[PDB]
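> For now just these chains, pulled out of the complex without moving them:
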Amino acid sequence: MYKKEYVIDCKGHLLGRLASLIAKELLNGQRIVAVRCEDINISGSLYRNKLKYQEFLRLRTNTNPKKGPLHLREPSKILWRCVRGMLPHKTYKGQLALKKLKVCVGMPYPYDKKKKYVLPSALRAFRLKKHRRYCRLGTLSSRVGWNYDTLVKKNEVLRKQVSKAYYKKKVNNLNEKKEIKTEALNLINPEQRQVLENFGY
Amino acid sequence: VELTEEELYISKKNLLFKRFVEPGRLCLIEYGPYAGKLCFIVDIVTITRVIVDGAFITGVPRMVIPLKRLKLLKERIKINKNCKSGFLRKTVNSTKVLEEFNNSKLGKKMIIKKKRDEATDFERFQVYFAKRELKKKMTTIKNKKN
Amino acid sequence: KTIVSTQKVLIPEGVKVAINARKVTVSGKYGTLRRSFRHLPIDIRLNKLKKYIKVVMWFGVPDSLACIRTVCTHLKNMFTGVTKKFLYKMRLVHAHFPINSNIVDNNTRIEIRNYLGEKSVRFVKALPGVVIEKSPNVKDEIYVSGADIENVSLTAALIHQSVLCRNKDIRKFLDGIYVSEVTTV
């Protein structure tokens, strides 16, 4: 957490754990961009999750619902809320930490060209037994009225093509570099070359 | 009775689970006082615990471990179930399995890492210099290509 | 926990079986069927040189074994479908008013008219890739057919639902379409 800004790819993660991971980092002093928040997984069965959400929604302020619990139903929003929950947001430091976090659905403008990081101690594949029921967050959101899910998916798909295109180019570049290295290893100095070989490069 | 051409099929039939925990599997201990160390599966205690032995080439004594603390390598050497440590040592040396492991990508990378760890400052500097030289040469080549 | 549990599913003669990651795809005489199994931990494998496919499950309680068995059964069903269409015979029994069954839109969308004499039209559309035919032998029965053992069954169920009456004695009013025979073409 000594980087300028960590971009976290939220696909295949387990919600609460991910949030927890984020929160500590934020507290420490790290700018976090939680990206691709539609594919965050919850450890409960989908129906159960939905029920829970419904229950949460039901707890509103009786006198004037303009105040009280704002039931933000965007997956990113939900994630943000979760993060906040795990923070001392009522102080100043906590507030600052919260501010530092930025959440995104899918991938927007700058966070497509930035390196996407994964939290391995929070992954669904590493935290759930494969005979247990899990729930995609996007789906849950859709169920409790988010609407912009299909659109998001489409956008993601579109982005994927672009990424693939870029990836091909990158691969080509890498290959070229390798070739160059191969060529030039004979053009250096013997002892130096040997040394290089010894140290892996 | 022979297979004639079915043998080939058997050889090249994709199996999802390569590397089984079984007697004579190589094994890299990941967690504990011993880590990064190699050690062979002698017997197996239960569904979770196994007895390993790092043949006196390696530093790790015969001991029980949780399988969870082991990462199976692609290497195996056929051994009798009740094989004692001396026998294991004899066999592995004969088969040159350690050499094979070293040759393999993972082993190579491990060794590289070790080298990096153990290097003197000067050696690091030498490496840097070499890299710089390569870059220069590489850059020149790139320019030429352009 | 049981270390190794296996099930052998013998493939028929004229079946093109193709698996990858529990996503099984079978091609035959009466269409192609694709059905994923990536919701249980199973390393199902092909044997293209000979016959059969082997479903194996490592560790896991009796639940796991049960799951494996189910998977095997499903596979078998699929194979059967590919070889030969799954024929679901559905006989409609009426006490007074004859049930008017009308097939349209390429043997899909079976329209049920004049059930118990309500003068309304009951619409029930078949699932993807399932043909609904009428009687060539007797007078009442309706054939629900088309490769997938599951889809056809579902369609049949839907049809039944569409038929069945509401707030009256069900033991007296036996009116409706019912699955007579589960067979193959």
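Yep, it's here. Numbering: from 1, shown residues only, chains lettered A, B, ... in the order given.
> Against residue B:62, how distant is the residue nearest the centre of chain B?
Residue closest to the average C-alpha location in chain B (CA atoms, centre = their mean): residue B:101, at 4.5 Å. Counting by CB to CB, to the nearest Å, the separation of residue B:101 from residue B:62 is 20 Å. All C-beta atoms are positioned from the backbone trio N, CA, C, and that covers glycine.
> Please give the element, helix or strand, for the closest residue in space to the residue nearest to the centre of chain B that isn't next to it in sequence.
With CB to CB, 6 or more residues apart in numbering or on different chains as the criterion, residue B:101 has its nearest non-adjacent residue at 4.4 Å, and that residue is residue B:107. Here residue B:107, judged by DSSP states H and E, is contained in helix B:105-118.
> Does anything pack onto that helix? Which helices or strands?
Other helices and strands packing on helix B:105-118, by 3 or more CB pairs under 8 Å, 6 or more residues apart in numbering or on different chains; DSSP states H and E, are helix B:97-103.
> Just checking the distance from the helix it packs on to the centre of its chain.
Distance of helix B:97-103 from the chain centroid (CA atoms, centre = their mean, to the nearest Å) equals 7 Å.
> how about the residues of chain A near chain B?
A:177, A:180-181, A:183-185, A:187-189, A:192-193, A:195-196, A:198-201 (CB under 8 Å from any CB of the partner chain).
> Would you map the strands across chain C?
Secondary structure of chain C (DSSP state E): strands located at C:4-9, C:16-18, C:23-27, C:32-36, C:45-46, C:53-58, C:86-93, C:100-104, C:108-113, C:121-124, C:131-133, C:142-145, C:176-184.
> mind checking which of those strands is nearest chain A?
strand C:53-58 (10.9 Å; CB to the nearest CB).
> List the buried residues in that closest one.
By 16 or more other CB atoms under 10 Å in any protein chain shown, the buried positions in strand C:53-58 come out as C:53, C:55-57.
> Can you tell me which of these lies closest to chain B?
residue C:56 (9.0 Å).
> tell me the contacts of the closest one?
Residues in contact with residue C:56, defined by CB atoms under 8 Å, 6 or more residues apart in numbering or on different chains, are C:4-7, C:42-45, C:68.
> Then residue C:162?
By CB under 8 Å, 6+ apart, residue C:162 lies in contact with C:112, C:122-124.
> Check chain C for the residue nearest chain A and tell me.
Counting by CB to the nearest CB, chain C gets nearest to chain A through residue C:41 (4.8 Å).
> Chain D should join the structure above:
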Amino acid sequence: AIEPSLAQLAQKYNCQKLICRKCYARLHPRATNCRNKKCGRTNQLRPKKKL
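So, slotting chain D in with the rest:
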């Protein structure tokens, strides 16, 4: 006008079942338990009343 075989078939579905003595669920005629969670899967089953 219900020909005997057809009638029998109809019965097979509509009549020859069991019923939960607790939540009234229609069960298969050979069931040992309720299957429904609300009765807590009771074994208290009765046959569907005929006529």
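> The contacts of residue C:162 again, this time with chain D added?
Residues in contact with residue C:162 (CB under 8 Å, 6+ apart) are C:112, C:122-124.
> Let's see that with 10 Å instead.
Going by CB atoms under 10 Å, 6 or more residues apart in numbering or on different chains, residue C:162 touches C:110-112, C:115, C:122-124, C:176-177.
> Residue C:154 versus the nearest residue to it once chain neighbours are set aside, what's the distance?
Of all residues not flanking residue C:162 in the chain, residue C:124 sits nearest, at 4.3 Å (CB to CB, 6+ apart). According to CB to CB, residue C:124 stands 11 Å off from residue C:154.
> now swap in residue B:45 and tell me
Residue B:45 is 49 Å from residue C:154, by CB to CB.
> Could you check how far residue A:26 is from residue C:164?
Where residue C:164 is concerned, residue A:26 sits at a distance of 58 Å (CB to CB).
> Between these two, which has more neighbouring residues?
When residue A:26 and residue C:164 are compared for neighbours, residue A:26 comes out ahead with 24 against 16, by other CB atoms under 10 Å in any protein chain shown.
> now for whatever helix or strand that one lives in, which elements pack on it?
Here residue A:26 is covered by helix A:15-28, with elements defined by DSSP H and E. Identification of packing neighbours for helix A:15-28 by 3 or more CB pairs under 10 Å, 6 or more residues apart in numbering or on different chains; DSSP states H and E yields strand A:5-9, strand A:31-35, strand A:41-42, helix A:75-85, helix A:93-100, helix A:124-127.
> what angle do that helix and helix A:75-85 make?
Put simply, helix A:15-28 runs at 60 degrees to helix A:75-85, going by axes from the mean of the first three to the mean of the last three CA atoms, to 10 degrees.
> burial count for the residue of chain A at minimum distance from chain D?
Distance from chain D to each residue of chain A (CB to the nearest CB) is smallest for residue A:47, at 13.5 Å. Burial of residue A:47 is recorded as 11 neighbouring residues (other CB under 10 Å).
> Which residues are in contact with residue A:9?
Listed by CB under 10 Å, 6+ apart, the contact set of residue A:9 reads A:33-37, A:39, A:107, A:111, A:115-119.
> returning to what we had before: can you give me the distance of the residue of chain A closest to chain D to residue A:53?
Going from residue A:47 to residue A:53 by CB to CB gives 11 Å.
> between these two, what contacts are shared?
residue A:143.
> hmm, back to that, deepest-packed of the helices and strands packed on helix A:15-28, please.
strand A:41-42 (a mean of 24; mean count of other CB atoms under 10 Å in any protein chain shown).
> add chain E to what we have:
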Amino acid sequence: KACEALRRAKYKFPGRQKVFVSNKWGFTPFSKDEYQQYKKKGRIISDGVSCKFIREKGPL
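Below is chain E, added to the chains above:
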């Protein structure tokens, strides 16, 4: 049948009860086998429900 009856009865007591079949002969404080043995050597006199065991103690 007896066990069943007991169980039925239990449904009416409060708290936790348990039906317990005994190795005794019946109300008498002797194991079945023991009782049989006693009968064989005639060291036991049966009255009504309860039975007395000859202890080798009284006068002739």
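> can you check the contacts of residue C:162 again with chain E included?
Applying CB under 10 Å, 6+ apart, one finds that residue C:162 lies in contact with C:110-112, C:115, C:122-124, C:176-177.
> Same check on residue B:26?
Applying CB under 10 Å, 6+ apart to residue B:26 gives the contacts B:19, B:38-41, B:70-77, B:92, B:97-98, B:100-101, B:104, B:107.
> just the angle between the following helix or strand past the helix holding residue B:107 and helix B:105-118, please?
As assigned by DSSP H and E, the chain's next helix or strand after helix B:105-118 is helix B:121-145. Between helix B:121-145 and helix B:105-118, the angle comes out at 120 degrees (the same axes, to 10 degrees).
> Helix B:121-145 near chain A at all?
Yes. Helix B:121-145 is in contact with chain A by CB under 10 Å from any CB of the partner chain, via B:123-124, B:126-127, B:129-131, B:133-142, B:144-145.
> Stretch D:24-37 too?
No. Contact of stretch D:24-37 with chain A (CB under 10 Å from any CB) is absent, the minimum separation being 13.5 Å.
> ok, now how distant is whatever residue of chain D ends up closest to chain A from chain C?
Across chain D, no residue is closer to chain A than residue D:37, which sits at 13.5 Å (CB to the nearest CB). Computed as CB to the nearest CB, to the nearest Å, the residue D:37 to chain C distance reads 18 Å.
> which residues touch that residue?
residue D:23.
> Strands along chain E, start to end?
Using DSSP E, strands in chain E cover E:24-26, E:28-31, E:44-48, E:50-53.
> what about the first one, distance to the chain center?
When you say that, I think you mean strand E:24-26. 3 Å.
> strand partners of that strand, parallel vs antiparallel please.
Strand pairing for strand E:24-26, determined by DSSP bridges: strand E:28-31 (antiparallel).
> Give the buried residues for the strand it pairs with.
Across strand E:28-31, burial judged by 16+ other CB under 10 Å covers E:28, E:30.
> quick one: contacts of that strand?
Residues outside strand E:28-31 that contact it (CB under 10 Å, 6+ apart) are E:22-25, E:34-39, E:44, E:46, E:49-53.
> Mind doing that once more with 6 Å?
For strand E:28-31, the surrounding residues in contact (CB atoms under 6 Å, 6 or more residues apart in numbering or on different chains) are E:23, E:51.
> And for stretch E:3-10?
The contact list for stretch E:3-10 (CB under 6 Å, 6+ apart) reads E:17, E:19.
> circling back: just the ones in strands from the contacts of residue B:26, please.
Counting by DSSP E, the contacts of residue B:26 place B:40-41, B:70-71 in strands.
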